[PDB]
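Novice: The structure follows.
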Amino acid sequence: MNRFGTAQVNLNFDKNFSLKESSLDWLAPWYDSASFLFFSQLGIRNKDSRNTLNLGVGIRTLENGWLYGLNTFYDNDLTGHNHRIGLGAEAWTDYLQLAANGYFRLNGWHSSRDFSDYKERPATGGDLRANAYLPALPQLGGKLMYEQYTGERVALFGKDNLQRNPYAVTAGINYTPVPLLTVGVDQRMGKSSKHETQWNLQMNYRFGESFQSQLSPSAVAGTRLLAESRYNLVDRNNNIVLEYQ
Ligand SMILES: CCCCCCCC/C=C\CCCCCCCC(=O)OC[C@@H](O)CO
Ligand SMILES: CCCCCCCC/C=C\CCCCCCCC(=O)OC[C@H](O)CO
Ligand SMILES: CCCCCCCC/C=C\CCCCCCCC(=O)OC[C@H](O)CO
Ligand SMILES: CCCCCCCC/C=C\CCCCCCCC(=O)OC[C@H](O)CO
Ligand SMILES: CCCCCCCC/C=C\CCCCCCCC(=O)OC[C@H](O)CO
Ligand SMILES: CCCCCCCC/C=C\CCCCCCCC(=O)OC[C@H](O)CO
Ligand SMILES: CCCCCCCC/C=C\CCCCCCCC(=O)OC[C@H](O)CO
Ligand SMILES: CCCCCCCC/C=C\CCCCCCCC(=O)OC[C@H](O)CO
Ligand SMILES: CCCCCCCC/C=C\CCCCCCCC(=O)OC[C@H](O)CO
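So that you can map any letter, position 82 of the sequence shown is 227 in the deposited numbering, and since no number is skipped, the others follow by simple counting.
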């Protein structure tokens, strides 16, 4: 063929550009037709002294200028042994990617490496995401999300900021001078003025595309069209939000 999937590196930094998370995600198309794509996604990441493996499958179908997808994931925090299943839906067009995700616990309360004296487990929740790019300047991207989790003492803004049934709204900007490279900044905000600024450095390798074209400013417009976005990584939270008791 022509396109054999995507590998993505992410490095995320806090306000002080202190590195908070590193990840590698890989999407592989197993069956690729002009209307139906079946893929696998495999991910690994390190965050707050924890390593998580994500394993998912997904389908995408194309109709009348739109792409509709479904996906599911098994997420596995290997460090604290926390297990989660996820479901995801997609509705994407040229320049515009919408997504909804649900996250569900598979295991129950067990000892926590974070708090001697209390238990942890996956918090149930979901999110709504939108990624948009400017047709007049497709290197410029915007992002909005809403997240909500259920629980008494949920670590949405980290373990030193546990909250009851918290939410977060994110607003972010990002710039992709070249298909290989994206830089972004996000603001995340919740109840009681909880707040987070996050900086993202992202690399994208598109298997089968020439290296030169992935270093071309003029190739970026094309990355925002369905013929290519059909190969994008699933837009979800690959980290397991824990709650505590
Ligand atoms: C922060 C604001 C963002 C709000 C985002 C709004 C959320 C809507 C997102 C997704 C809607 C789901 C679309 C529908 C997804 C279903 C996919 C499907 O039907 O697969 C077909 C296969 O059978 C192929 O043969
Ligand atoms: C319905 C199927 C159920 C089966 C459940 C297993 C899915 C587990 C997910 C990720 C693990 C590893 C991913 C497996 C490697 C992908 C294969 C591959 O790379 O295909 C060749 C490439 O696409 C040619 O261009
Ligand atoms: C014995 C060890 C068991 C390993 C269990 C590990 C858990 C999940 C890993 C892999 C899922 C299987 C991957 C199967 C390969 C998918 C086939 C494919 O990707 O398509 C080929 C190509 O596109 C056709 O032209
Ligand atoms: C070589 C390519 C450059 C990109 C890098 C690929 C991303 C690595 C992915 C998962 C790390 C899981 C392995 C565990 C290794 C130690 C942790 C680490 O890599 O960094 C510290 C953490 O990110 C700060 O909190
Ligand atoms: C073919 C290409 C290669 C693709 C390769 C993909 C295969 C990865 C599959 C499984 C790893 C899952 C590891 C299991 C670790 C579980 C540790 C845990 O968290 O469980 C403890 C439990 O809570 C105590 O009751
Ligand atoms: C709790 C606060 C949440 C804040 C968020 C509230 C915004 C919800 C609004 C719209 C959702 C859009 C749903 C996506 C609809 C799919 C579009 C589509 O498929 O249209 C095809 C086209 O119209 C063929 O002619
Ligand atoms: C969109 C379709 C997929 C939806 C899938 C639905 C599965 C999860 C539904 C609700 C979870 C929240 C319900 C409340 C259950 C948690 C209470 C509990 O079991 O434990 C609390 C106590 O602290 C410990 O003993
Ligand atoms: C600081 C600024 C950063 C933010 C930068 C992003 C701003 C969003 C711009 C354009 C969204 C792209 C719009 C493309 C929508 C295509 C919809 C479509 O294909 O369908 C037609 C629709 O049904 C009608 O009848
Ligand atoms: C490739 C392994 C996946 C790692 C995931 C990291 C994400 C993107 C990282 C680096 C871009 C590659 C830097 C230079 C090496 C590119 C390999 C290459 O150029 O491939 C030959 C191609 O045929 C030429 O036309």
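Note that beta-carbon positions come from the ideal geometry of N, C-alpha and C, so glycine has one too.
Span of the beta strand (DSSP E) holding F249?
Specialist: Where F249 is concerned, the enclosing beta strand (DSSP E) stretches over 241-250.
Novice: Using only the alpha-carbon positions, how far apart do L370 and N209 sit?
Specialist: Going by the C-alpha atoms only, they are around 13 angstroms apart.
Novice: What are the start and end residues of each continuous beta strand (DSSP E) run of 3 or more residues lying completely inside the region 294-351, in chain order?
Specialist: Segments of the beta strand (DSSP E) lying fully in the region 294-351: 312-323, 326-334, 340-351.
Novice: DSSP has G286 in a bridge; who is on the other side?
Specialist: Partner(s): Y278, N319.
Novice: Within 6 angstroms: the Cβ of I385 and any heavy atom of ligand 4?
Specialist: Not under cutoff, so the answer is no.
Novice: Thinking just about the alpha-carbon of each residue, which of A366, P324, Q343, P174 is nearest to the one in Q359?
Specialist: The shortest C-alpha separation from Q359 is found at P324.
Novice: Would you kindly check if the distance between the Cβ of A268 and the Cβ of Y294 is under 7 angstroms?
Specialist: Yes, the pair counts as a contact, with Cβ atoms nearer than the cut-off.
Novice: Is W237 near ligand 6, in the sense that its beta carbon is under 6 angstroms from a heavy atom of that ligand?
Specialist: No, since every heavy atom of ligand 6 falls outside the 6 angstroms radius drawn around the Cβ of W237.
Novice: State the CB to CB distance for the pair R333 and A313, rounded to an integer number of angstroms; the pair is presumed to be in contact (CB under 8 angstroms).
Specialist: The Cβ separation is near 5 angstroms, so the contact holds.
Novice: From the DSSP output, which residues share a beta bridge with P174?
Specialist: For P174, which the question treats as bridged, DSSP gives the partners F184.
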